[PDB]
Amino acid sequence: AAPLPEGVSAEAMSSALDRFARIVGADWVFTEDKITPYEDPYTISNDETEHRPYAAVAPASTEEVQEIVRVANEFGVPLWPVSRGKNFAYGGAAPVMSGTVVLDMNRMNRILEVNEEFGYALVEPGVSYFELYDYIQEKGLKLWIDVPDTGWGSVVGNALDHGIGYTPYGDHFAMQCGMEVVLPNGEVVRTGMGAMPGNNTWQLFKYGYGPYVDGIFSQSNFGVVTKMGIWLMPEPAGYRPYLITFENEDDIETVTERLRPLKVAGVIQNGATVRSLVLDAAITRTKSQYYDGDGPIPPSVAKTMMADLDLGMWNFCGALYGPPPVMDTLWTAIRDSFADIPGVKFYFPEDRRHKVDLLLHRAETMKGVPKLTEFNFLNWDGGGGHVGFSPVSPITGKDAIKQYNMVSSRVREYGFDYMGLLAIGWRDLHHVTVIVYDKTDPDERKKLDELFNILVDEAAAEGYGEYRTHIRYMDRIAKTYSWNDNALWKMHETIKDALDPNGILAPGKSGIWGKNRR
């Protein structure tokens, strides 16, 4: 069902696939029926010709990657690199442009080094959070990792896409240090201290000397990353996870105001996440257990869910790290910041009367333990796919309540339950909207797509721009960053054409196309 990419003959694509099998072995080129796991699991498009991978190649080594790229250049065949291809909600493993060949690097799954005394790992793209965690536990190394939830994905791939987690080390790409890259011309480079032969500092110091370029290979089609370093947090002297609940939907305004100073100054040591009722309820319950109506849940049902589950309309999870005197002092500051809000409640794990419970689950994540759960937002409405919209805004009550109002209104009018959170990294607020939908139903897919377009449009007019998005929306989000007639993308295109003149790496990633396709 997948078309050849525009400009590429069937002869060309056939020679390429052939030379690919000479490079990796015939068993490691997939076509035809074996392509289905490279499809987006959470379909949005109703046009079945969109975002369709033609083929996949799975190399064993950096140098194989290089040969493939050289062949790609030779026949004009475009590649879409994935590390493990678990980018669910963002298109999974699927390309922007139909007919692109997937460059699957899952087989390159070596943990090249884990260093306990300097707190780092050097990993290939195939390495999962589960495998890294399991390695560390197995060797008994006193290190924590930082994981998404749910905890599927590549350490490399998630970091390159600017992914996040729930410890002090939650900004994954900020913790990156050193990479090896195959450039679009097939040359291989190492960044930072890795460009110096005989260094023992690749993972100890980011910059090296000269222009700092690691960042240009994140959210990018400027090269293929084959090795990447990441800093790992030493196991702390203590760990106390907490949940603060708030009774009223309006509380999120004053909560955000109080969060701002604690986060700017670092009194809260990890990202602060304040989740709406449904998002946290969906960890241990489904909709049909509280309401049989087709549409979003009414208020009386909300109050029932709150009483059963000991949750609020807003649910703030964070954690304390370090020696008990430190944790005690920080807690005093945090708790005092919220004590005077009517209806507030404060919980540590021992205060949770349920044995299967939101805090108990999130406590795992904020300690860097990768988990899958039986229930999460995906099962709230008995199944479906999801998409997320997570634009950046200032940490103010005004911005938080305005986004909650704007988004919840539209989401509910479209027939979806509102599932949103307010996330704070350091100085950055994100109102994150999660929309679960029936990806098998074309009428729902249309509604979802339309809702998504409108949410982005209306958010952008208030000055809130997206930092990470699905393959289907990459062009749209790029057009948000339109200052001076798209001057920044004009520079990205200049760099693209110099590094990749034949435009063979992931055409359209981050809205970057290349001279032959612009």
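One rule holds for the numbers: they count along the sequence shown, beginning at 1.
Engineer: As stated in the PDB record, which stretch has the larger average Cα B-factor, 363-371 or 286-294?
Structural biologist: Comparing 363-371 with 286-294, the higher mean C-alpha B-factor belongs to 286-294.
Engineer: I need to verify one thing: averaged over C-alpha atoms only, is the B-factor higher for 439-447 or for 140-148?
Structural biologist: Of 140-148 and 439-447, the stretch with the higher C-alpha B-factor average is 439-447.
Engineer: Hey, out of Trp231, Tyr166, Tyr90, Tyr133, whose CA B-factor is highest in the deposited coordinates?
Structural biologist: Checking the PDB record, the top C-alpha B-factor among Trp231, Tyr166, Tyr90, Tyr133 is at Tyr90.
Engineer: Can you tell me which of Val102, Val255, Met313, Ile268 has the maximum CA B-factor listed in the PDB entry?
Structural biologist: Across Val102, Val255, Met313, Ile268, the entry lists the biggest C-alpha B-factor for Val102.
Engineer: Tell me, lowest, middle or highest third: where does the Cα B factor of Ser510 rank within its chain?
Structural biologist: Lowest third - that is where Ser510 ends up once the chain's C-alpha B-factors are sorted.
Engineer: Please place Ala56 in the lowest, middle or highest third of its chain according to the CA B-factor in the PDB entry.
Structural biologist: For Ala56, whose C-alpha B-factor we compare with every modelled residue in the chain, the answer is the highest third.
Engineer: Taking the chain's C-alpha temperature factors as the reference, tell me which third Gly385 falls into: lowest, middle or highest.
Structural biologist: For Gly385, the deposited C-alpha B-factor lands in the highest third.
Engineer: Please rank the C-alpha B-factors of the chain's modelled residues and tell me whether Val24 sits in the lowest, middle or highest third.
Structural biologist: For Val24, the deposited C-alpha B-factor lands in the highest third.
Engineer: Sorting the chain's CA B-factors, does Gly463 end up in the lowest, middle or highest third?
Structural biologist: Tercile = middle for this residue's CA B-factor.
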